[PDB]
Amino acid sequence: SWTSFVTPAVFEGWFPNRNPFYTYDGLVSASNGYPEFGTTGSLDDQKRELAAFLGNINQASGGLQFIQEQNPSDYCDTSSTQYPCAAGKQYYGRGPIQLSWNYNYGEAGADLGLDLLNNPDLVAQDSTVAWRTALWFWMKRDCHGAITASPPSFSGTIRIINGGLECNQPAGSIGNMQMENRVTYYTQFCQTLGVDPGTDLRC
């Protein structure tokens, strides 16, 4: 199990100022529904996966300090018709991965058997839902495949999560700085775990 190397102590050291909504036990329990997460490839692939998932989360959530996007749009994309927006509801970032947009809440809701499309606030109000959405995105959108491949691709995870805004950005621009922070956190977490992060890092 990945919990053999990401212990409670490792997690707490990485996220010492987390909002109490987010717990190690919550992550562990939710991860049980994604048995391939953190158990795919070599031990070093498992370590890179955890570092990549949690490094991206560190960026998105501000060290797990935030549940909701700070100072958010309602993130209703009316061109995206498969998952209809609910009147008055807002699809701004929520949970560890800052799940955003009707299309993501809708697809996650369908896959998870949860009322996320009509009640997106569940992601900020139920920590089991919050962790499940982060793992859902990681697995369904195939950040998992990017990082656990030989060779690993951390850059691929950034592209999938927020590539339009963070990849292919001028050096030093806000999106580029966000991207570089993800890389910094990933590499720091890899250092904790004693694993080489690989070379395919930035986008």
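Position 1 is the first residue in the sequence shown; the rest follow in order.
- Where coordinates are absent for parts of the deposited sequence, a chain break appears; between neighbours residue 84 and residue 85 there is no such break.
- If you average the C-alpha B-factors over 166-174 and over 132-140, the higher value belongs to 166-174.
- The stretch 73-81 shows the higher mean C-alpha B-factor when 73-81 is compared against 89-97 in the entry.
- Comparing the listed residues 150, 157, 61, 46, the entry records the largest Cα B-factor for 150.
- Residue-level inspection of the entry shows that, of 30, 52, 146, 161, 30 has the top Cα B-factor.
- Among the modelled residues of the chain, residue 17 sits in the highest third by CA temperature factor in this PDB entry.
- Remark: residue 42 belongs to the highest third of its chain, ranked by C-alpha B-factor as recorded.
- Split the chain's modelled residues into thirds by C-alpha temperature factor. Residue 56 is in the lowest one.
- Per the PDB record, residue ranking by Cα B-factor puts residue 9 in the highest third of the chain.
- Compared with the other modelled residues of the chain, the Cα B-factor recorded for residue 102 ranks in the lowest third.
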